[PDB]
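When the chains are written out, they are named A, B, C, D, E and F in that same order, and each has its own residue count from 1.
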């Protein structure tokens, strides 16, 4: 149906969990979904659809960077009529009080990208996570009683950032972590009157980089349960 | 103590409700606070401190525009050691599904101002409301069972906006309303490791402008109760 | 008539003196105007109209910041058909040769605001004071023989400026002082084919902060006489 | 060795051909390389190393978008000491005189991304292809006598571009096609004193979208031969 | 002494009149100066020094565009210790009330150039003419009783401006005319604590282009007399 | 025919060599052209037309700066129907491996100017030299066996650059030299579906400034021969 998706309308669940790593998405499909079926693998993207506790749910990779997830997210809402996209994955801690292996739920995401300024008449668009998804993710975290920090994230265009001072500036403003997609995903959801959210497990710390899967499985539990709540 | 505040450290409660209209703040102090005392009136700003259900609370005007509230907010967190600032007031509906007299709770605020880009190395800072305050405001709204829409707000520098197309662009992205301070307030709270939030009652609709105090008193109830919860 | 002015067309003189402090405006009305009448107090803005040496003249507060004065100024020219707005007030010296208590007449004003770029296709708009008003203010200063420095001003959006290097950069370019409205006022006057100007008394020095009312009364004399000349 | 590459220094040839589609890279490795060995598959990126006409050569996917290829390209030059990266792939024709199935060799690439402005003090960096690689690609095209258009490319951040007028603007300036990586790749090569180039086969036309593999195999022949020449 | 001036310190008068056309400068030197001597002709720039009513005065071309006059102006203030530069020349009327052959005295100049933003931390620098020079030029105009309009000018980087809407926007803001140097000249004078001004004769109208030398000689009279006053 | 050219269509050859210095252009016309005739001298621009090895060719000055060459270049392509403009001249070495007296052929040019962003919807336009002209210039250099470096150039708006760090940033990215026109010339050629190129002789080094005509005559030989090839 699309240049990046061979699947047809209906093959994707109304709720899709996405992570950058396509192999991670395959793993997630085999590990948590029941009767998972490969619905799209254009570009090895590993798009699957199965069920969790009886409900339809899909998992697919989204690549790295705002331009990448923007392609997939817009096609999903627009063509495959998806309603909710929960980004799942890793990120780099910024705040000194945030440590590796911690779980973070984004309320919103800043960015050094130009995409949102392009779509918003060169103004400041607040890439905000859908309050529904934020609440569902936090409640899931509370019900499962899994500690999770909630707050600002930062979607960078440069994993290897030349502006070495930015890290400290963000720490002063208490940004929790850095990843590379949220800032792009959120506004697209708004455009389609749909929902988006993000939950990540800190894989490294950018201000002083210091059992890893345990944190990941917990994050997955939260995303999954939150998906059902939604 | 400051160029805009005659009061001294301790005169202000750790939680302050602020609105643009200084007379509105005087009214709020006389109407909802017990034993309200004028603690600052530099520039007729009408800063009062009293109690609500036994707890210390202050109300003060903040003028109109990001530059204005930025002055007051930074002095409060920094000098008067305030912990929470809940902006209370009016705003203009953008979204067609939002009508005059509706109540809106901001998750965040976009802006055509340059302030946040100045403080954030010319990047996109997501002016986000403190998740605690957003939750407190929403729960108060739920407990009081008062309908309130939650979502993106927009803090403009131009009440009379030359860019007449912006209104429709924002409606496409589902921004709820427009006011003139939130985008400035939120980042300052982050800088001081403190909290900020905003709740407004739609006084007009910018896309087709269509009992007004009733909506205001309800909004005040929510802000007040949320203040206690915090 | 307007969301910020209860007065009607004709209640305001064709020449209005404005300052940020509403109480200062009340003081000015009681101290220099004859038969002053409160014509607008929406938001405690303290708008009065009286006469000086027989001629009709109004004084009103304009709040702090470009967004604030922009609201008032545009309503005045547009709705109340005002012809001349002379901003009166305080400011912070930048230039080392300018000392506290000095009087400054702005030829123009720079700014870190985005407003003028928004109204001028993202280009450099030179927020310039009306040559008539500049001349009237300087001549008044000469006739009264009151020393006054004439030159560039700077309208900041951040009273508490994070960019601490800006102050020195401006001193190198010989900006006289900093305030928070002129840059917004001037272009609006141009749009309405009307006039605007600004005269301030240095209340503090930002590069080395070092009887204060005496300087203020002198500034007021100049503004007042210049108003008559216009 | 890197967060995105499991391989070690020496596993990659000094010349690497990269395309967005990881499956395409696997295909290229199986189809044109002799004794291809998977040297990196972190994130299913499909990184192989084999030989072409006796010389060492690697092929790897780079994902979609500037942020993506920027990660891979910088790690390759920096860590794996790669000297030449030739981007191979598809693109969308812009120019009316360019038709689907045509082959294009980029002299340089424009972009709506902010990455280059971030690394170049907010100025205009001309993302230029290494003259050596451009010449090698063109000579290969001449020696093989395969028609190929040479000129400007455009690396977009938005496959689905909101600014629908851009396409025509680019056609007026005679940009040949649009893809999503070149603009990011070129400057990185410059930084490492290394080389980069790009050759694409038009898969679609954005101004009037109108046997496809034949054009692809030809493009591959050129890239491959040019690699040997380098 | 400089890469663009063969003359040495002292060869130039402290007051220099400059125009874009080098032949025009030669003409001005032969027509109004007594005992004019060629002090610099690097690049055929036609730099002369002579006397007017006994006082030392120099005239030199400055080429077209901000980058050009910026070179000459900075070398003059810095190396040749010039104190006052009065730009003399032609310009294009913008305002409908301004007609060809009219004379205009710039209070300041806007611009679509990036130079001032580069030297002013990306903010809005108000390219303002030295109040002394503006006054000297206006008084000369009054004493000679030669009608001259005073107000905003615009220094464009594009004589052939792609943005065809700008002309009307500027007419709404009442910009008097357009030329290509003032915006660059003024800030440089500020930097050197020196003076600069500009007076032009409208040679064409950009909104409806409609004896020409007569207007020029009048403009020259004003510049010359103003030079003596300074 | 134009405000800057007295000549008429046909007076200029389809190939024109341009340099900033008008006297240099006169010299070039007298030194290398046969039967050179002055076809335009508006503003002492020194525009000549003659023949080289029997073919029609014109040489004209273009002043200093992008705004300047932009005027001349656009009039030439548009009005005088010129097909190829080869910029000839001097420049300042940036790269440490480039020394005074070296010859440089630009593949493209970066810039701190705003012109290209104005004509390209505020995006990154890659000011690229026509591949034909680059090839013709390089082949001429090869056939004459005259060493010449090929690569990125930088067209500055500020000969005296306040941003002293830029020089080192450019050296890290391996920009060869700096001049003041190329970035403006290239995009104009693209707009008119015509060709442009640039070849310069390093007159100074900006990172450590260290027989000069010999290098110039060699550069001229290359430009001239390349002109014939085109």
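Quick note on the criterion: a contact is a pair of C-beta atoms (placed from the backbone, for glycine too) under 8 Å apart; a residue touches a chain by one contact, two chains touch by 3 or more.
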Note: chains that touch chain B and chain C both are none
What is the shortest path, in steps, from chain C to chain F when you may only step between chains that touch?
-> 2
Return the chain whose centre of C-alpha atoms lies at maximal distance from the corresponding centre of chain B.
-> F
Identified repeat of the B-C interface (over half of residue pairs identical), from E-F, C-E or A-B | E-F
Just how far, in Å, is the C-alpha centre of chain F from the one of chain B?
-> 57
At what distance in angstrom does the C-alpha mean of chain F lie from that of chain D?
-> 30
So how far apart, in whole Å, are chain A and chain C when each is placed at the average of its C-alpha atoms?
-> 50
What parts of chain E, by residue number, touch at least two of the other chains?
-> 112-113, 122, 163
Pairwise touch network: line, ring, star, complete, or other | ring
Going round from chain A via chain D, the chains run A, D, F, E, C, B
Can you list the chain C residues touching chain B in their complex?
-> 3, 20-24, 41, 43-44, 46, 61, 63-68, 70-71, 74, 112-115, 118-119, 156-160, 162-163, 180, 204
Using the touch rule from the top, collect the residues of chain A that touch chain B in their complex.
-> 107-113, 116-117, 120-121, 123-128, 131, 134, 150-152, 163, 165-166, 169, 172-174, 183, 187, 190-191, 193
